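K.L.:
Dropping a structure here in structure tokens format, bear with me for questions.
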Amino acid sequence: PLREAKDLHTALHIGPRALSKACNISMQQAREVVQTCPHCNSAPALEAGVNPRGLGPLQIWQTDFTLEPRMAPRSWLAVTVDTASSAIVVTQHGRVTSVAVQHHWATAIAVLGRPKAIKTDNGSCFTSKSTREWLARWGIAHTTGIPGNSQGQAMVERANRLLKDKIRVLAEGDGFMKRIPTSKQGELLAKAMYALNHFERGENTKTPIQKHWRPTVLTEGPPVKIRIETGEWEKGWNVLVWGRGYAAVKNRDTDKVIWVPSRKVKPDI
Amino acid sequence: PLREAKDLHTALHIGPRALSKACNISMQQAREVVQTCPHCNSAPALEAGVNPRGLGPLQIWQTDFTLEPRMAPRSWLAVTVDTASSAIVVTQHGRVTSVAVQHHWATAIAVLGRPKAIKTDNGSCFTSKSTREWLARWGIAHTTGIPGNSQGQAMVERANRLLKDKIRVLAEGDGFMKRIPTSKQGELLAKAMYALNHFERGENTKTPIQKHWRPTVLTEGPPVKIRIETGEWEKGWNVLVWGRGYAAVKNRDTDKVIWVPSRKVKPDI
Amino acid sequence: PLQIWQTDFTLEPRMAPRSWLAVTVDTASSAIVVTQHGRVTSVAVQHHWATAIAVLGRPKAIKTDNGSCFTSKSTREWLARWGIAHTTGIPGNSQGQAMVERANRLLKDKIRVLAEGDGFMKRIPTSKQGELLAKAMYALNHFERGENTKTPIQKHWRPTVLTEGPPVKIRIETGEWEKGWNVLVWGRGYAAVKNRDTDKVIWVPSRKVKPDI
Amino acid sequence: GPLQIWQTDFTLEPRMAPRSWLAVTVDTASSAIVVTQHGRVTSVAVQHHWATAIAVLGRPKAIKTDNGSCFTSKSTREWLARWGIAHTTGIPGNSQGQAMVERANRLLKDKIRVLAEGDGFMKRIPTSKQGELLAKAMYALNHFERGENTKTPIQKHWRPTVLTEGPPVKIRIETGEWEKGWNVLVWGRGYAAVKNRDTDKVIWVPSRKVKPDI
Amino acid sequence: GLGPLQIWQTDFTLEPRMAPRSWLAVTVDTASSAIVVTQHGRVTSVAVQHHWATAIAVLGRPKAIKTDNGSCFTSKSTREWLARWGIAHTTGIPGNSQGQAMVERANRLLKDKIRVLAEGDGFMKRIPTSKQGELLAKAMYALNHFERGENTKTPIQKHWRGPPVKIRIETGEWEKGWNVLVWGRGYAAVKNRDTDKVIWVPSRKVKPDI
Amino acid sequence: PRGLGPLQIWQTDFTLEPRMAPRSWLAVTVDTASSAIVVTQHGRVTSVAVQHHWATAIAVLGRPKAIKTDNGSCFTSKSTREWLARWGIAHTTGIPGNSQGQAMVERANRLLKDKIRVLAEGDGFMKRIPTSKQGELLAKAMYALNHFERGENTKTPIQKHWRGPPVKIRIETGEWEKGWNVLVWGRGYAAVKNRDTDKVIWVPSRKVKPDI
Amino acid sequence: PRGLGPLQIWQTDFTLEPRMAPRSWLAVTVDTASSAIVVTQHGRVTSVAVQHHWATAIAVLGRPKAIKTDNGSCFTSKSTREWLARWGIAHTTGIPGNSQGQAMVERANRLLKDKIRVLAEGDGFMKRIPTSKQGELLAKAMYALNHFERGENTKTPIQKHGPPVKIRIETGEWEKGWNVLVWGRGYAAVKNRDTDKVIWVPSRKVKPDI
Amino acid sequence: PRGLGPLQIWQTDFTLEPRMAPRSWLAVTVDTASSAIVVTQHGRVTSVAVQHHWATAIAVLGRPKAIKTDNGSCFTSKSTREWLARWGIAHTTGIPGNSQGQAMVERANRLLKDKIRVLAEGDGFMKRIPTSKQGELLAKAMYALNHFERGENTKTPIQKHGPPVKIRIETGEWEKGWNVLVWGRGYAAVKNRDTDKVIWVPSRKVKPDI
DNA sequence: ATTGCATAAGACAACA
DNA sequence: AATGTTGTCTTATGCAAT
DNA sequence: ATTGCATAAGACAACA
DNA sequence: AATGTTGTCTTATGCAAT
Ligand SMILES: CCN1C[C@H](C)n2c(c(O)c3c(=O)n(Cc4ccc(F)c(Cl)c4)nc(C(=O)NC)c32)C1=O
Ligand SMILES: CCN1C[C@H](C)n2c(c(O)c3c(=O)n(Cc4ccc(F)c(Cl)c4)nc(C(=O)NC)c32)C1=O
Ligand SMILES: [Mg+2]
Ligand SMILES: [Mg+2]
Ligand SMILES: [Mg+2]
Ligand SMILES: [Mg+2]
Ligand SMILES: [Zn+2]
Ligand SMILES: [Zn+2]
């Protein structure tokens, strides 16, 4: 008898277990009676695909900005990470003007080389005139993220937090608890850049610099078991790079390079 | 050679693995040179003990407040949950004056009985003159939580969210998308209370009401394996109630009743 | 209990303006549920019965009078939706509305004594009406009246306090699941179980425990 | 090999007032030039320069400079000793202590004016564009060739290649014998995909199933 | 323009290429920019009738033809041609800005393209008796089914002719009344239901409706 | 044999209607897939007339990847091949009067003759028509052929010019009925839409399965 | 509040206490700066009772620079005069009880009498205290009135004569300079080094330094 | 021999002095670490005089914790024995003449007698003190031994008057002497008894003290 | 077999 | 217009020794 | 042994 | 003054059948 349950749910909106116990019912009638109310299931699947990356060195960069009170009155620092090798370049200025970004990108070019793209948020001196024609004159792409989520550039933000950690540790391990004199600004900047770049981070065997200058990239890797959207797994695919977080996979015929979560991929046979 | 590592860390603050790789070092020198910097370890153990509860019915109650736009112009609803059995009583008024709390507690008394304590946050008409003198005249305790974290009343807040879920589901499944006419206010109120109280929630076998009126409480339970803050587990203790979230344990000689997280407790032998 | 109910409306002068006093009385327990109404309607009865159902539960019948609001369609299809079988009666009959009249008398006496003992003679303040309603309900539901060995609550709910978990069987080493055991606590992976005779607690795997009957 | 001896001096550049003192760092195994400019001439400012230069290039082994007041002043001396670099001085301009220094000085004093005239700056570049000018000059001096070989200074310095394989690891086999001849490509969770060094045969093998080789 | 096969602007021009038959006939649809040209070396009622009719055969049956006060266009022959064809006629100077000007621009395009085609074949100003129709037809093909300008649809392609999801906003509430236009891999564009303005949103900040 | 693709292969021929006289001769040009035709009705037959008609047709209809004509001295002329190289279209020839690619051409030719005759008898000219209304007759005939459907065919020759995977769902009866296409798929359900009613309904991932 | 230090200016007088009978008289030394007390016991007015008083007070609380008194008869007596001549401290007169000479010893006498009365009622002696409990009840009275601060001040009259933790703020930072006093089960209280004030904070909202 | 801290250890004895007849039965009491000597006269050995003397000492020195005394029928009397618990003061009584604990008090008695002598024959009351002079002469001698000198010191006497766990150091040995006040899941907050300093040591580097 | 170890797997946080 | 990331920490697990 | 099932375990969210 | 909670969902796992 499922229609006492029909009336009970429609008038009362009960959970399936109490419906089953309150009308002498079993699995099916309960489950696809409690589906039938659209109000009982509104949110509970929010799609989430999460994947920015670049494949080889000097392909894709990122950029954000930092307010650092210890560096007054030049507190504004620009950050730039190379997504392929996680090398960081940080510069110091007074304002967030386009000229500061000019100088910062020039120094990053002098240090790391010339990239192809720079993903980012839409700063006020950033989609500005001068920056845009100067970038066109230099001749590299420029792909702003969605205007309002400071999350599509998650790499530069994460390296931003890491740089702030390192800079504060160095500053207040050096006897400066609140702020820094004008003399030790270059000290802190150079030490932060040297510590992060030339020395490995976490568990990885490879240093950021000798990732950036002697990179390893595979041409044809192993097979994997992955998604199609069709609901669950297919095989007949290969993986290029499988980071701790998220991975890149390649077709066998279409020859696509698509960034998918590591949940999305698992080993073949 | 750990002194190259000593100088390197003190001047540069390196992760332990890069120190081990950069000076031909191993487990011990790496670890207990990397702790020596106080800046490399500041936060990373934040104490968190999480345990409000009452043991038997009508022992401890809770209270919060609700803004429900669908119930204009009487949007202010009080909430009260009996922590032992999770029974809910909610009333409706116009303002957050002390008289509303008077009437709400009077109705809750009429429905559930007389409790011993009412834990809570410090509302403006709540530690007030009239409320305190009236509570003294009735003769029950009154234990406010920490003034500013609406989290020590997590039970009433959670039952608050659940009540809002049920009330909205019923209202906008009844054909009212934005607000409720004055006719259906009692409809929604009494329907929410009947649905929540007399029908079980989640997976439990027991209804809140016949938890409240025919409760089960053990007098001497099983032995278990638990925290003394000394660092890790001992045994020689007994558990009274072990909820899915958190549990209550009792000594064998001191005869204490303490609320500890289920993390702290695990089965004996 | 929860087999037959009743209802009526009796005027209260001091309750101005909301002066119509709904009553509902169970038979096997004689509990009382009461709320205020500005003026009697065919929706006020539904409101009051929703409140009474919230407080007590769902009855199996109702015995009111042949009043205008108790007979109109609204309440009829309300009780049809819920599953409560309406059954009217002569407005004043003793085979029907007798204990509800006794409850009316009890409630009027209780309201008068409470209002006089709280410092009022003919007009209870508007902000203090539901206060006296809840006091009357509490006093008449949780306290014995006259020579009753119990209050309405004890008869209504049977408030025994059991101390042993539900009967459950455990996978005995021979593969069978012998009954006569009782769980006490459901921990992590294990569920401590006693024996109904030996009174010994033994932690057992969760995969090997299933209820009795 | 690379990164064995460094060099350094100053250079008076009136083209960049008021910051009229410009410092140059020159490697000698690869000639990867690094420059920076500072308004005054004290100890802390040039030390700032050395910090930036070592940040860009890395830790040298020795630094041969002049007999200047600050190159051997106390602060600089214990600072370099803390860093661990074998300082060396000499005659102020000797063909051994400033051999490549003056060559790179000529190169930079050429590039500065070349680019200043390229963007149209004759007397003094404004105090806002010296940074980008110096960055562009260093980019054209380091990543770009001015010699006549097939190796840029970056090609000499960091030994840039483009690998295809990582470290080799020794898988063990189902009978209990470890086996080299295999190299790792992907550290998937639980399973490593290791390629046969002979037949280019990759196989998904578990984590504890493999151990590093040598 | 709004839709093709509606407004036709037929004008005549002189090209010294096809001399002595140097006069030309061309129709232009302002709504589609499609062009029909038929060789006619004598501006006459018969010539304009024949060119109009070949244009109808090429493009489609119109609803109005817009020309000027040329006496060969309102003649009784032309009037009855339009009458039996059930279309409309409006006169002019011509030389209006918004109308009767795209035809002149198309005439400039026609002369330039026929000139470049002829010089690509090896003809400077005079073209043989077996080449004038050839060149005009080549110019027609080059202009019609090859896109000119900066659009995505060729001029002939300028001739005749989701589910709801709730999104979270800054305060955290979920609002209905949106739909998915395009859906990639980690992003989607959402259009409103009433204002119909399209905004882009992360895939994680959208949940379905009903 | 019509599922190759529109604007791909064009068939042309010369049929002499008894009405276009004394400018009697006529060239045809048809497309196999699109069923779209356009003509000019000249007063002479020659390679120059051939290419004038051809380059009017390619302007009218589209860009074929091949245009076919029967072998003869009226289509293999070298100026014609120079025009071909100016457009770069591959070519081949066959028997003059075979069933390989000319049966449909002659069918359309007889269609042209009958439509032209009925139009002429509608206007009032029974055998011959003046040199001023030939074009208007051609215009009406061409519009009738292209814009409107010929016979019972739903697809007009216009509709064959420039024109989610199939899935089957589960009903309470369990019927694996077809007629659904996913739009915005999810990992717990799908956004399918019917192919005729075109209504959107999110259905569980545990009730859909592929169609072929 | 005179700015002079302790041991400088004294004030003296007697009192009649029938509670301590038949030893019915008492006297106390007080200082205008420290207001500290020393007590004796007697049953009659003599020039030697004041000498007992002076010896006890100068032994307990050091030497006075100067003493201000009244015009009592035995204060000028020969014995105490020779005593003072040996001491080295001057003796002064006045009008017996004005606002310049007798500063606070009168209120000291009143406070001592009421304190001994409240102590006698605390241990249960209403009418009078016998010659045995005298020393004990006294000693309790002096200890309470000297060893403990009375009134309000930055230092007690005898003075006159938590690991660091970081707490959260709603802005979201971690303020430094807080010491935990009591460590509850899941709560805490913190006192700031500068503002020396206690505020209660949960355990999941606190992390320490170093 | 030099103590550890004031107001934590005490030592007493009994003395008789013939010149104070009849009330010649004193009850001497001296501190150890602070070396404060205080006395009080009486004329019989009894519980009443002992309790009076101890209650006077309580507030002339400070509230006591545990006083080491000698054998007798007065310290061990029911009134005095329960009095010790009433004030929560303990007993570690020794031999009537034990050298380890009463040599100091006997030397103090010799000092007291010699001072009383020298000062008494200074004033001119040679052999025995009358009734009205005993208090002042006792005051005189204690005054001679309050705040001038004790006899040898450059630092005079009245000028001076969590569960244990082992931890770990880089040395590798587990040092004791640390008590935890606040606990955490990754470290602790230990404090040494001597240096009374609080330091957060990680939980890996501790183990229980016995 | 029990304790300790060497590593892998999973969880938390915060950046205008 | 165009999508989270990963260093640091904790816990669990398996090998190696005793 | 492979598919489906019946249940247990773990993860997310939001309440002024 | 006085400490998270828990319904709902997802995934993983094991029994039972075929
Ligand atoms: C106008 C220029 N502009 C726009 C705004 C002001 N903005 C910019 C920032 O850099 C950030 C930023 O870093 N985060 C921190 C953050 C928060 C969540 C994450 F997931 C990640 Cl990776 C980073 N937030 C914001 C912000 O607006 N609202 C949270 C933000 C910025 O520079
Ligand atoms: C003045 C009376 N008063 C004080 C303030 C206004 N308050 C009161 C509320 O009821 C709440 C409340 O419910 N929550 C929601 C919430 C947030 C996090 C949790 F963990 C849980 Cl357990 C609940 N927050 C606040 C608040 O202040 N800041 C987040 C709050 C309230 O009534
Ligand atoms: Mg940012
Ligand atoms: Mg930004
Ligand atoms: Mg709240
Ligand atoms: Mg609240
Ligand atoms: Zn529902
Ligand atoms: Zn460090």
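Identifiers for the structure tokens are assigned positionally: chains receive A, B, ... in sequence, residues are indexed from 1 per chain, and ligands are indexed from 1 in the order shown.
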Got a sec: who's within 10 Å of range 96-103 of chain C, counting only C-alpha atoms (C1' of nucleotides), leaving out chain neighbours fewer than 6 positions off, as a PyMOL selection string?

P.N.:
chain C and resi 5-8+10+23-27+30-32+63-65+87-90+109+140

K.L.:
Using every Cα, in order, as the fitting set, what is the least-squares RMSD of chain H against chain G?

P.N.:
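That comparison of chain G with chain H gives 14.5 Å.
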
K.L.:
Residues within 6 Å of ligand 5, counting only C-alpha atoms (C1' of nucleotides) and all ligand atoms: report them as number ranges by chain.

P.N.:
B: 64-65, 150, 157

K.L.:
Restrict the selected residues to C-alpha atoms and save them as a compact mmCIF listing (two decimals), in the first residue's frame.

P.N.:
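File written: result26.txt
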# COMPACT_ATOMS: atom_id res chain seq x y z
CA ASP B 64 17.68 30.96 19.59
CA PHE B 65 15.68 33.28 17.32
CA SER B 150 26.44 31.69 18.43
CA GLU B 157 20.89 26.65 15.65

K.L.:
For CA of residue 92 in chain A and CA of residue 63 in chain A, determine how far apart the two atoms are, in Å to one decimal place.

P.N.:
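We find that CA of residue 92 in chain A and CA of residue 63 in chain A lie 13.7 Å from each other.
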
K.L.:
Show which residues sit within 7 Å of residue 42 in chain A, as a VMD selection string. Count only C-alpha atoms (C1' of nucleotides), and ignore same-chain residues fewer than 4 positions away.

P.N.:
(chain A and resid 38) or (chain E and resid 209 to 210)

K.L.:
What does the file look like for those residues with C-alpha atoms, as an mmCIF file, in the first residue's frame?

P.N.:
data_model
loop_
_atom_site.group_PDB
_atom_site.id
_atom_site.type_symbol
_atom_site.label_atom_id
_atom_site.label_comp_id
_atom_site.auth_asym_id
_atom_site.auth_seq_id
_atom_site.Cartn_x
_atom_site.Cartn_y
_atom_site.Cartn_z
ATOM 1 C CA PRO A 38 10.532 18.284 -6.485
ATOM 2 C CA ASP E 209 16.065 24.034 -10.915
ATOM 3 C CA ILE E 210 13.349 21.425 -10.311
#

K.L.:
Counting only C-alpha atoms, which residues from chain A have an atom at most 9 Å from any atom of chain F, and could you show them as a PyMOL selection string?

P.N.:
chain A and resi 45-47+229-232

K.L.:
Using only C-alpha atoms (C1' of nucleotides) and all ligand atoms, which protein or nucleic acid residues are at most 9 Å from ligand 8, as number ranges by chain?

P.N.:
A: 169-170, 173; B: 9-15, 33-41

K.L.:
For residue 16 in chain F, list every protein, DNA or RNA residue within 9 Å, evaluated using only C-alpha atoms (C1' of nucleotides), and leave out those in the same chain fewer than 4 positions away; present the list as a list in words.

P.N.:
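In the requested form, the answer reads residues 20, 21, 24, 25, 26 and 27 of chain F.
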
K.L.:
Dump the neighbourhood of ligand 4 as a PyMOL selection string: all residues within 10 Å, distances computed on only C-alpha atoms (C1' of nucleotides) and all ligand atoms.

P.N.:
(chain A and resi 62-66+78-79+120-124+126+148-151+153+156-157) or (chain I and resi 15-16)

K.L.:
Per DSSP on the backbone, what are the strand (DSSP E) residues of range 9-213 of chain D, as JSON, numbers by chain?

P.N.:
{"D": [9, 10, 11, 12, 21, 22, 23, 24, 25, 26, 27, 33, 34, 35, 36, 37, 38, 62, 63, 64, 86, 87, 88, 169, 170, 171, 172, 178, 179, 182, 183, 184, 185, 186, 187, 191, 192, 193, 194, 195, 196, 202, 203, 204, 205, 206, 210, 211, 212]}

K.L.:
Can I get the selected residues back with N, CA and C atoms, as a CSV table (one decimal), in the first residue's frame?

P.N.:
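Here's the written file result.csv:
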chain,number,residue,atom,x,y,z
D,9,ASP,N,81.8,45.2,-10.8
D,9,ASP,CA,82.4,46.6,-10.7
D,9,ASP,C,81.2,47.6,-10.7
D,10,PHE,N,81.5,48.9,-10.8
D,10,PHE,CA,80.5,49.9,-10.9
D,10,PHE,C,80.6,50.5,-12.3
D,11,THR,N,79.7,51.5,-12.6
D,11,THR,CA,79.7,52.2,-13.9
D,11,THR,C,79.0,53.5,-13.7
D,12,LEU,N,79.6,54.6,-13.9
D,12,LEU,CA,79.0,55.9,-13.8
D,12,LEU,C,78.2,56.1,-15.1
D,21,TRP,N,74.7,55.7,-10.2
D,21,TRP,CA,75.7,54.7,-10.0
D,21,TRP,C,75.1,53.3,-10.3
D,22,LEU,N,75.6,52.7,-11.3
D,22,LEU,CA,75.0,51.4,-11.8
D,22,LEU,C,76.1,50.3,-11.7
D,23,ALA,N,75.6,49.2,-11.1
D,23,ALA,CA,76.5,48.0,-10.8
D,23,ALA,C,76.2,46.9,-11.7
D,24,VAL,N,77.2,46.1,-12.1
D,24,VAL,CA,77.2,45.1,-13.0
D,24,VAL,C,77.8,43.8,-12.4
D,25,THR,N,77.1,42.7,-12.6
D,25,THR,CA,77.6,41.4,-12.2
D,25,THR,C,77.7,40.5,-13.4
D,26,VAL,N,78.9,39.9,-13.6
D,26,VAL,CA,79.2,39.1,-14.8
D,26,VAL,C,79.8,37.8,-14.4
D,27,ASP,N,79.1,36.7,-14.8
D,27,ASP,CA,79.7,35.4,-14.7
D,27,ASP,C,80.8,35.2,-15.8
D,33,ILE,N,75.1,38.2,-17.9
D,33,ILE,CA,75.3,39.5,-17.3
D,33,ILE,C,74.0,39.8,-16.5
D,34,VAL,N,74.2,40.3,-15.3
D,34,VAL,CA,73.1,40.8,-14.4
D,34,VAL,C,73.5,42.2,-13.9
D,35,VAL,N,72.6,43.1,-14.0
D,35,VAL,CA,72.8,44.5,-13.7
D,35,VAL,C,71.8,45.1,-12.7
D,36,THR,N,72.2,46.1,-12.0
D,36,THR,CA,71.3,46.9,-11.1
D,36,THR,C,71.9,48.2,-10.8
D,37,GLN,N,71.1,49.2,-10.4
D,37,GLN,CA,71.5,50.6,-10.2
D,37,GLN,C,71.1,51.1,-8.9
D,38,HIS,N,71.9,52.0,-8.3
D,38,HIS,CA,71.7,52.5,-6.9
D,38,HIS,C,72.2,53.9,-6.8
D,62,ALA,N,83.4,32.3,-6.2
D,62,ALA,CA,84.3,33.4,-5.8
D,62,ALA,C,83.9,34.6,-6.6
D,63,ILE,N,84.2,35.8,-6.1
D,63,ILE,CA,83.9,37.1,-6.7
D,63,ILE,C,85.1,37.9,-6.7
D,64,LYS,N,85.7,38.1,-7.8
D,64,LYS,CA,86.9,38.9,-8.0
D,64,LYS,C,86.5,40.4,-8.3
D,86,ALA,N,84.2,33.0,-1.7
D,86,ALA,CA,85.6,33.3,-1.5
D,86,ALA,C,85.8,34.7,-2.2
D,87,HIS,N,85.9,35.7,-1.4
D,87,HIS,CA,86.1,37.1,-2.0
D,87,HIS,C,87.6,37.2,-2.4
D,88,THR,N,87.8,38.0,-3.5
D,88,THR,CA,89.1,38.2,-4.0
D,88,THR,C,89.2,39.6,-4.5
D,169,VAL,N,63.9,4.0,-11.5
D,169,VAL,CA,63.6,3.3,-10.2
D,169,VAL,C,63.5,1.8,-10.5
D,170,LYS,N,63.8,1.1,-9.5
D,170,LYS,CA,63.9,-0.4,-9.6
D,170,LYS,C,62.6,-1.0,-9.1
D,171,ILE,N,61.8,-1.5,-10.0
D,171,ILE,CA,60.6,-2.3,-9.6
D,171,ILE,C,61.0,-3.6,-9.1
D,172,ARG,N,60.3,-4.1,-8.1
D,172,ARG,CA,60.4,-5.5,-7.8
D,172,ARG,C,59.4,-6.3,-8.6
D,178,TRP,N,63.9,-7.6,-7.0
D,178,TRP,CA,63.9,-6.3,-7.5
D,178,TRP,C,64.5,-6.2,-8.9
D,179,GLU,N,64.1,-5.2,-9.7
D,179,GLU,CA,64.6,-5.2,-11.1
D,179,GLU,C,64.7,-3.7,-11.6
D,182,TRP,N,63.9,0.2,-15.6
D,182,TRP,CA,62.6,0.8,-15.6
D,182,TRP,C,62.7,2.2,-15.1
D,183,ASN,N,61.9,3.1,-15.7
D,183,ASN,CA,61.9,4.5,-15.4
D,183,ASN,C,60.5,5.0,-15.1
D,184,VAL,N,60.3,5.9,-14.2
D,184,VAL,CA,59.0,6.3,-13.7
D,184,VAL,C,58.5,7.5,-14.6
D,185,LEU,N,57.2,7.6,-14.9
D,185,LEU,CA,56.7,8.7,-15.6
D,185,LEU,C,55.5,9.4,-14.9
D,186,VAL,N,54.7,8.7,-14.2
D,186,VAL,CA,53.5,9.2,-13.5
D,186,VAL,C,53.4,8.6,-12.1
D,187,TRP,N,53.3,9.5,-11.1
D,187,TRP,CA,53.1,9.1,-9.8
D,187,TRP,C,51.6,9.2,-9.4
D,191,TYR,N,49.2,3.8,-7.7
D,191,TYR,CA,49.9,3.1,-8.8
D,191,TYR,C,50.9,4.0,-9.5
D,192,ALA,N,52.0,3.4,-9.8
D,192,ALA,CA,53.0,4.1,-10.6
D,192,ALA,C,53.1,3.5,-12.0
D,193,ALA,N,53.2,4.3,-13.0
D,193,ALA,CA,53.2,3.9,-14.4
D,193,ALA,C,54.7,3.9,-14.8
D,194,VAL,N,55.3,2.8,-14.9
D,194,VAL,CA,56.8,2.7,-15.1
D,194,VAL,C,57.0,2.0,-16.5
D,195,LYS,N,58.0,2.6,-17.2
D,195,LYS,CA,58.3,2.2,-18.6
D,195,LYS,C,59.5,1.4,-18.7
D,196,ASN,N,59.4,0.3,-19.5
D,196,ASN,CA,60.6,-0.6,-19.7
D,196,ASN,C,61.7,0.1,-20.5
D,202,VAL,N,55.3,0.7,-20.9
D,202,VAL,CA,54.8,1.3,-19.6
D,202,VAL,C,53.9,0.3,-19.0
D,203,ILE,N,53.9,0.2,-17.7
D,203,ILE,CA,53.0,-0.7,-16.9
D,203,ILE,C,52.6,0.0,-15.6
D,204,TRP,N,51.3,-0.1,-15.3
D,204,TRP,CA,50.8,0.4,-14.0
D,204,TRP,C,51.1,-0.5,-12.9
D,205,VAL,N,52.0,-0.1,-12.0
D,205,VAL,CA,52.4,-1.0,-10.8
D,205,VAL,C,52.1,-0.2,-9.5
D,206,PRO,N,51.8,-0.9,-8.4
D,206,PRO,CA,51.5,-0.2,-7.2
D,206,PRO,C,52.7,0.6,-6.6
D,210,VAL,N,57.3,-0.6,-5.9
D,210,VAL,CA,58.5,-0.1,-6.6
D,210,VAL,C,59.4,0.6,-5.5
D,211,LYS,N,60.7,0.6,-5.8
D,211,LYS,CA,61.7,1.3,-5.0
D,211,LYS,C,62.6,2.1,-5.9
D,212,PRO,N,63.1,3.2,-5.4
D,212,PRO,CA,64.1,4.0,-6.2
D,212,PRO,C,65.4,3.2,-6.5

K.L.:
For ligand 7, which of B:166, B:252, B:227, B:70 is the closest residue, counting only C-alpha atoms and all ligand atoms?

P.N.:
B:166

K.L.:
Which residues are near residue 112 in chain A? Cut-off 12 Å, only C-alpha atoms (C1' of nucleotides), ignore same chain within fewer than 6 positions. Put them as number ranges by chain.

P.N.:
A: 57-59, 61, 80-82, 84-90, 105-106, 197, 208-213; D: 56-57, 135, 138-139, 142-143, 154, 158

K.L.:
List as a ChimeraX atom specification the protein and nucleic acid residues near residue 2 in chain L, meaning an atom at most 12 Å away when only C-alpha atoms (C1' of nucleotides) are counted, but skip any in the same chain fewer than 4 places from it.

P.N.:
/B:51-53,62,117-122,142-153 /G:184-188,200-202

K.L.:
Quick one: which residues from chain L are at most 10 Å off chain A, using only C-alpha atoms (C1' of nucleotides), as a ChimeraX atom specification?

P.N.:
/L:7-9

K.L.:
How about saving the chosen residues, N, CA, C and O atoms (P, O5', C5', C4', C3', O3' and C1' of nucleotides) kept, as an mmCIF file, in the first residue's frame?

P.N.:
data_model
loop_
_atom_site.group_PDB
_atom_site.id
_atom_site.type_symbol
_atom_site.label_atom_id
_atom_site.label_comp_id
_atom_site.auth_asym_id
_atom_site.auth_seq_id
_atom_site.Cartn_x
_atom_site.Cartn_y
_atom_site.Cartn_z
ATOM 1 P P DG L 7 19.071 13.955 12.175
ATOM 2 O "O5'" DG L 7 18.198 14.174 10.859
ATOM 3 C "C5'" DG L 7 17.753 15.477 10.533
ATOM 4 C "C4'" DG L 7 18.040 15.808 9.081
ATOM 5 C "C3'" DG L 7 17.567 14.762 8.073
ATOM 6 O "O3'" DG L 7 16.920 15.402 6.984
ATOM 7 C "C1'" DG L 7 19.866 15.208 7.757
ATOM 8 P P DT L 8 16.282 14.532 5.793
ATOM 9 O "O5'" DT L 8 17.431 14.507 4.687
ATOM 10 C "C5'" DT L 8 17.946 15.729 4.179
ATOM 11 C "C4'" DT L 8 19.067 15.473 3.193
ATOM 12 C "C3'" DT L 8 18.792 14.359 2.178
ATOM 13 O "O3'" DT L 8 19.080 14.825 0.866
ATOM 14 C "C1'" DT L 8 20.876 14.012 3.245
ATOM 15 P P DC L 9 18.812 13.896 -0.418
ATOM 16 O "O5'" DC L 9 20.282 13.552 -0.936
ATOM 17 C "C5'" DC L 9 21.248 14.590 -1.034
ATOM 18 C "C4'" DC L 9 22.648 14.022 -1.136
ATOM 19 C "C3'" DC L 9 22.840 12.976 -2.237
ATOM 20 O "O3'" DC L 9 23.678 13.499 -3.260
ATOM 21 C "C1'" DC L 9 23.885 12.330 -0.169
#
